[PDB]
Amino acid sequence: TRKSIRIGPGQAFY
Amino acid sequence: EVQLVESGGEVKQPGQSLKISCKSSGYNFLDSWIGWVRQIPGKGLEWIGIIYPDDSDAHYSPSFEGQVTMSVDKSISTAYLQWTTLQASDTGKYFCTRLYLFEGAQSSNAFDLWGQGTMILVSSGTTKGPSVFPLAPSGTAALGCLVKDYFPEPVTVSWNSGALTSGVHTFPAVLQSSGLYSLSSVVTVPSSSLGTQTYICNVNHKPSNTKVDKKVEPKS
Amino acid sequence: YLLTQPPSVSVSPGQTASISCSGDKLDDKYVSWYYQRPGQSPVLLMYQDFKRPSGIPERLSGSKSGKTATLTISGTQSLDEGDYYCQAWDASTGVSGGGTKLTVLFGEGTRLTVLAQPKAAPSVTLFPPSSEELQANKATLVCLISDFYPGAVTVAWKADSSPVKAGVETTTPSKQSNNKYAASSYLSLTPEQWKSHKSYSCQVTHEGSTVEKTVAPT
């Protein structure tokens with residue numbers, strides 16, 4: 001969660 | 001405070017290795033990703049890679065993968081980028097940054113924190129004191145000093161020992177193709193007070209401990 | 001893809017500058033904007049298309065239509081001069097798998113010029129090789145361009161009449177303790193080259209106009 005990176009709207013990471 | 005603090009500026013040779021440091025403080029060093037951006041000054045910003053200090057998952061820019069290596073050392077909360085072998089392109093101002101998780105409603109990310117930047121000059125030029133040439137004159141006249149072929153920066157130029165501070169324009173220096181520098185420093189003076197006042201420029205270049213005094217005489 | 005930005009932008013004081021940013025994916029990627037003063041470090045201005053980070057004034061605003069994102073600054077001031085960079089990302093799982101690849105792209109940037117004074121014309125002081133340098137088997141032409149507003153100049157050297165583009169080094173402009181601009185240019189030659197040509201000239205071109213100076217061997 002504290003690692004995630006949101007590129008943009010709708011795409012989510014980690 | 002919240003700040004990243006970085007190692008000082010280095011002058012390295014092509015083919016020398018290199019490792020620079022970014023110490024972090026004010027937050028949890030492992031929970032926020034760390035970044036490395038380059039400033040090829042006059043040119044753009046150039047992203048290099050990210051790493052998560054907790055596990056060291058990285059993402060290298062496809063232009064540094066293979067020529068650069070990112071690591072972290074948690075006990076001293078310090079992030080590292082290192083070269084095994086430098087090259088003139090590897091020149092530039094290296095900034096490390098911190099990627100922030102903006103836990104907004106719909107979340108997003110960005111770099112709110114930045115190191116002061118470490119400056120890296122990659123070149124073979126030797127430390128070397130400038131040669132010095134009057135730029136002679138011919139209501140106001142311009143005389144000045146040509147300060148040629150020195151490495152690295154900076155020289156410091158004053159005039160008449162420090163008596164003459166008015167009219168003096170000391171231009172930035174070029175990097176000529178040799179890999180050496182030249183700047184000029186012109187004073188603008190009255191014509192009439194030319195045979196009268198004496199005009200001497202002083203050019204200190206600490207790197208080579210070189211001081212030069214040059215009287216600028218009108219030509220004819 | 002890549003982020004494109006106007007290499008430079010001009011707004012008269014107190015007025016509105018728009019700075020654009022074009023990318024092939026920005027139709028669906030959060031943009032962020034950064035500030036940088038010469039010598040100083042990059043400052044976050046804007047993130048997630050429009051979100052001002054704390055401490056950043058309401059007069060700065062951020063929008064994005066299509067594959068184009070815009071930084072808008074109203075109420076512009078000398079204090080706003082510097083460079084501004086759009087950034088965004090890019091992912092891609094490998095087709096062989098092996099995870100998801102992340103990339104941070106930056107625009108090349110926009111020097112914002114705030115037109116604080118009237119358009120002025122370059123002072124050009126061109127110097128010839130000195131006796132000393134000539135006696136030292138070197139020769140250097142010194143074009144001093146000072147006092148131009150705003151702050152752009154193409155420079156050029158005539159070897160007699162034709163351009164010469166060998167041995168030329170110019171400096172990217174710099175402000176002065178007066179607040180106009182200043183750069184230098186140099187031509188290296190041999191004491192031969194100098195001696196034989198009838199003249200050499202420094203050719204400054206500022207804001208849709210040109211001005212040259214000239215020298216010949218004593």
# chains A, B, ... in the order shown; residues from 1 in each chain; ligands from 1

$ residues_around --residues "residue 32 (chain C)" --least-positions-apart "4" --cutoff "6 Å" --atoms "only C-alpha atoms" --output "VMD selection string"
chain C and resid 46 to 47 86 to 87

$ interface_residues --of "chain C" --to "chain A" --cutoff "9 Å" --atoms "only C-alpha atoms" --output "PDB file with N, CA, C and O atoms, in the first residue's frame"
ATOM      1  N   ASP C  28      -4.518  10.092 -20.530  1.00  0.00           N
ATOM      2  CA  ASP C  28      -4.925   9.180 -19.477  1.00  0.00           C
ATOM      3  C   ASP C  28      -3.826   8.967 -18.442  1.00  0.00           C
ATOM      4  O   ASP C  28      -3.789   7.963 -17.747  1.00  0.00           O
ATOM      5  N   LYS C  29      -2.947   9.951 -18.318  1.00  0.00           N
ATOM      6  CA  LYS C  29      -1.900   9.892 -17.314  1.00  0.00           C
ATOM      7  C   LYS C  29      -1.738  11.175 -16.522  1.00  0.00           C
ATOM      8  O   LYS C  29      -1.585  12.258 -17.078  1.00  0.00           O
ATOM      9  N   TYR C  30      -1.785  11.030 -15.207  1.00  0.00           N
ATOM     10  CA  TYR C  30      -1.606  12.140 -14.289  1.00  0.00           C
ATOM     11  C   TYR C  30      -0.328  12.913 -14.591  1.00  0.00           C
ATOM     12  O   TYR C  30       0.766  12.343 -14.591  1.00  0.00           O
ATOM     13  N   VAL C  31      -0.450  14.216 -14.822  1.00  0.00           N
ATOM     14  CA  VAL C  31       0.747  15.028 -14.993  1.00  0.00           C
ATOM     15  C   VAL C  31       1.111  15.767 -13.691  1.00  0.00           C
ATOM     16  O   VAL C  31       0.260  15.982 -12.824  1.00  0.00           O
ATOM     17  N   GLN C  48      -1.099  15.054 -10.105  1.00  0.00           N
ATOM     18  CA  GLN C  48      -2.417  14.541 -10.431  1.00  0.00           C
ATOM     19  C   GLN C  48      -3.157  15.616 -11.188  1.00  0.00           C
ATOM     20  O   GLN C  48      -4.171  16.098 -10.722  1.00  0.00           O
ATOM     21  N   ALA C  88       5.313  12.547 -16.045  1.00  0.00           N
ATOM     22  CA  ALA C  88       4.240  11.571 -16.047  1.00  0.00           C
ATOM     23  C   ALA C  88       4.921  10.234 -15.980  1.00  0.00           C
ATOM     24  O   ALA C  88       6.118  10.163 -15.781  1.00  0.00           O
ATOM     25  N   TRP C  89       4.171   9.167 -16.167  1.00  0.00           N
ATOM     26  CA  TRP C  89       4.762   7.847 -16.087  1.00  0.00           C
ATOM     27  C   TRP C  89       4.507   7.021 -17.342  1.00  0.00           C
ATOM     28  O   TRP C  89       4.214   7.532 -18.421  1.00  0.00           O
ATOM     29  N   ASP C  90       4.623   5.718 -17.157  1.00  0.00           N
ATOM     30  CA  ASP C  90       4.388   4.759 -18.199  1.00  0.00           C
ATOM     31  C   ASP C  90       4.664   3.407 -17.585  1.00  0.00           C
ATOM     32  O   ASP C  90       5.654   3.218 -16.890  1.00  0.00           O
ATOM     33  N   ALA C  91       3.759   2.473 -17.807  1.00  0.00           N
ATOM     34  CA  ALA C  91       3.996   1.121 -17.357  1.00  0.00           C
ATOM     35  C   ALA C  91       3.906   0.201 -18.553  1.00  0.00           C
ATOM     36  O   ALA C  91       3.558   0.623 -19.656  1.00  0.00           O
ATOM     37  N   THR C 100       5.981  -5.665 -14.223  1.00  0.00           N
ATOM     38  CA  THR C 100       5.508  -4.446 -14.858  1.00  0.00           C
ATOM     39  C   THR C 100       6.620  -3.425 -14.809  1.00  0.00           C
ATOM     40  O   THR C 100       7.151  -3.135 -13.734  1.00  0.00           O
ATOM     41  N   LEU C 102       8.118   0.275 -15.010  1.00  0.00           N
ATOM     42  CA  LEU C 102       7.757   1.679 -14.774  1.00  0.00           C
ATOM     43  C   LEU C 102       8.786   2.681 -15.328  1.00  0.00           C
ATOM     44  O   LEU C 102      10.002   2.487 -15.218  1.00  0.00           O
TER      45      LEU C 102
END

$ closest_residue --among "B:129, B:26, B:53, B:104" --to "chain C" --atoms "only C-alpha atoms"
B:104

$ residues_around --residues "residue 37 (chain B)" --least-positions-apart "2" --cutoff "6 Å" --atoms "only C-alpha atoms" --output "MDAnalysis selection string"
chainID B and resid 46:48 95

$ interface_residues --of "chain C" --to "chain B" --cutoff "7 Å" --atoms "only C-alpha atoms" --output "count of residues only"
24

$ residues_around --residues "residue 157 (chain C)" --least-positions-apart "3" --cutoff "9 Å" --atoms "only C-alpha atoms" --output "count of residues only"
14

$ select_by_dssp --residues "chain B" --states "strand (DSSP E)" --output "number ranges by chain"
B: 3-6, 10-12, 18-25, 34-39, 45-51, 58-60, 69-73, 78-83, 92-102, 108-114, 118-122, 131-135, 140-150, 156-159, 168-170, 174-175, 181-190, 200-205, 210-215
